[PDB]
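**Q** Please read through the structure below; I'll follow up with questions.
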Amino acid sequence: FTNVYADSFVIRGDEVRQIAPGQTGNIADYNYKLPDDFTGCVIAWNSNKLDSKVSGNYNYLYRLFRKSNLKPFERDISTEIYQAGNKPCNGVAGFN
Amino acid sequence: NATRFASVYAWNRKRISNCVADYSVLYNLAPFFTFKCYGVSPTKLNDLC
């Protein structure tokens with residue numbers, strides 16, 4: 001092959017079933033998509049005896065919400081608050 | 001919206017079947033305290049049968 005692109009990310013064991021080409025989910029839509037012409041392999045390893053924490057690990061965060069479907073192989077760095085209604089959010093959570 | 005209620009052990013079960021339930025006025029308002037669940041988003045329930 002020509003080149004390899006390694007994507008390092010941590011996904012909990014309930015949400016690992018959406019990693020396959022042509023899925024639908026929380027991570028499989030607004031975060032990480034696999035197209036039908038995607039070619040490669042998936043390597044996973046159990047980090048629960050090392051990277052876990054008793055009070056919970058807040059060092060990594062994940063995106064549930066997005067306005068539309070995200071294009072694959074693209075990172076979302078945007079800190080913009082999702083606005084459901086016509087009320088302005090002003091950077092913080094609130095009504096709509 | 002019911003005035004009365006039940007206790008923890010004695011709870012009644014109201015079966016919802018063969019009807020159309022509108023949850024879209026609840027999610028655009030939200031008097032509800034905290035929504036927490038796993039694997040199914042409660043905001044995605046509007047287009048689901």
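Residues in the structure tokens are numbered from 1 in each chain, the chains being A, B, ... in the order shown, and ligands are numbered from 1 in the order shown.
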Considering only C-alpha atoms, give me a table of residues in chain B that are at most 8 Å from chain A, with the closest atom pair and distance in Å for each, as JSON lines.

**A**
{"residue": "B:28", "atom": "CA", "partner": "A:96", "partner_atom": "CA", "distance": 6.5}
{"residue": "B:29", "atom": "CA", "partner": "A:96", "partner_atom": "CA", "distance": 7.4}
{"residue": "B:39", "atom": "CA", "partner": "A:14", "partner_atom": "CA", "distance": 7.7}

**Q** Which of chain B counts as alpha helix (DSSP H) under DSSP, as a list in words please?

**A**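 Filtering chain B to alpha helix (DSSP H) leaves residues 24, 25, 26 and 27 of chain B.
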
**Q** Put those residues in a file: C-alpha atoms, as a PDB file, in the first residue's frame.

**A**
ATOM      1  CA  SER B  24     -41.962  17.648  20.533  1.00  0.00           C
ATOM      2  CA  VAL B  25     -43.602  20.249  22.774  1.00  0.00           C
ATOM      3  CA  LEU B  26     -41.775  18.791  25.792  1.00  0.00           C
ATOM      4  CA  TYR B  27     -38.273  18.904  24.284  1.00  0.00           C
TER       5      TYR B  27
END

**Q** One number please: atom CA of residue 71 of chain A to atom CA of residue 31 of chain A, in Å, one decimal.

**A**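 Atom CA of residue 31 of chain A lies at a distance of 8.8 Å from atom CA of residue 71 of chain A.
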
**Q** With only C-alpha atoms as the counted atoms, please give the residues lying no more than 9 Å from segment 3-7 of chain A, apart from itself and same-chain residues fewer than 2 positions off, as a list in words.

**A**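 Selected residues are residues 1, 9 and 40 of chain A.
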
**Q** May I have the residues from that selection written out with N, CA, C and O atoms, as a compact mmCIF listing (two decimals), in the first residue's frame?

**A**
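So part07.txt came out as:
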# COMPACT_ATOMS: atom_id res chain seq x y z
N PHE A 1 0.85 -1.18 0.00
CA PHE A 1 0.00 0.00 0.00
C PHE A 1 0.89 1.24 0.00
O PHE A 1 2.10 1.16 0.23
N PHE A 9 -7.91 7.07 19.24
CA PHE A 9 -9.09 7.52 19.97
C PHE A 9 -9.53 6.42 20.93
O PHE A 9 -9.22 5.24 20.74
N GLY A 40 -8.85 -0.95 5.12
CA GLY A 40 -7.90 -0.96 6.21
C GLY A 40 -8.31 -1.94 7.29
O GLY A 40 -9.11 -2.85 7.05
